[PDB]
């Protein structure tokens, strides 16, 4: 039994079966709790769940085929299974919080993509949309161990540590030294000789992050608001090391809208980038152009984080969920629509030892094991 809780925006039933549009307090999801979820992932007004059986369920806005259920208009208000993937064991779904396309990675290392096909982010040597998932033929020969999607590009990394990016080339987010759109996965040759073990992709004029098995964090792409983490606002189409995070023990990296977040093995959260609407968690809405420790969580061992467009969630080792950022749609889970300028204990989860959070554009998810 895996207890799942949702809140935030529900205008397109992306919360999976709640009445109302601004769910302001976490709410037990009967649909999602029944599935026995291993992962929940949130896209643009969309929700995905990977069950312990390896199946995938989707709900939310159907526009652009973002749900992979064979339709490209309307809404799916009850989680439905992505039967295209029924004969595979899916281990993970990657979607950006402001995303209209996604990928699924199977346990044997095959990768499927579906949704909006603009700028080639699906990886099928085209710009076609895909209403149902399709095997990224280009990666058949590679054992893929992780995936990430931005709003306009996608990434996959192999067991050996090589990183592939593809999709919209503009502002250098792909990391190949030019700004050329890539319609098929292309290997980031600069990161060879580093074992890349995780990657994260942003939205709109986007950055990209990579993490190596030695703790090194790399960033590239759009530089606006200092989201690349090296000060100023200069973009870069070549992966550059974020010197400040070296030796910190970074173990997870995420990209919200125009900002970056890192979590360390010892439990520290670092954020940087665009500060508007308090998405960084430092108590003010100024930009932060090199990574800064989120002081409001000092002394709380954070074990899992998730980022939406303008909000963050962090789980403590004791099962408490802290949120910060914008609250126009109740995604803070403080029972109001008041912004959390600093990390704030989420309401209505006491007694529930939460181990995982996820976010979509303006909604939130917490669940147990």
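Residue numbers count along the first chain shown, from 1.
Chemist: Pick between 76-84 and 274-282: the one whose mean CA B-factor in the entry is higher.
Modeler: Taking the mean C-alpha B-factor of 76-84 and of 274-282, the larger value falls to 76-84.
Chemist: Per the PDB record, is the mean Cα temperature factor higher over 89-97 or over 186-194?
Modeler: Between 186-194 and 89-97, it is 186-194.
Chemist: Per the coordinate record, which of the options 203, 103, 159, 208 holds the highest CA temperature factor?
Modeler: Comparing C-alpha B-factors across 203, 103, 159, 208, the top value belongs to 159.
Chemist: Taking the values straight from the PDB record, which of 303, 310, 52, 306 has the highest C-alpha temperature factor?
Modeler: Largest recorded C-alpha B-factor: 52.
Chemist: Compare the C-alpha B factor of residue 34 with those of the other modelled residues in its chain, then answer lowest, middle or highest third.
Modeler: For residue 34, whose C-alpha B-factor we compare with every modelled residue in the chain, the answer is the highest third.
Chemist: How does the C-alpha B factor of residue 44 compare with the rest of the chain: lowest, middle or highest third?
Modeler: Its C-alpha B-factor belongs to the middle third of this chain's values.
Chemist: What third of its chain, lowest, middle or highest, does the C-alpha temperature factor of residue 62 fall into?
Modeler: Highest third.
Chemist: Select lowest, middle or highest to describe the third in which the CA B-factor of residue 179 falls within its chain in this entry.
Modeler: Residue 179: CA B-factor falls in the middle third of its chain.
Chemist: Going by the recorded CA B-factors, say which third of the chain residue 10 sits in, lowest, middle or highest.
Modeler: It belongs to the highest third of the chain when residues are ordered by C-alpha B-factor.
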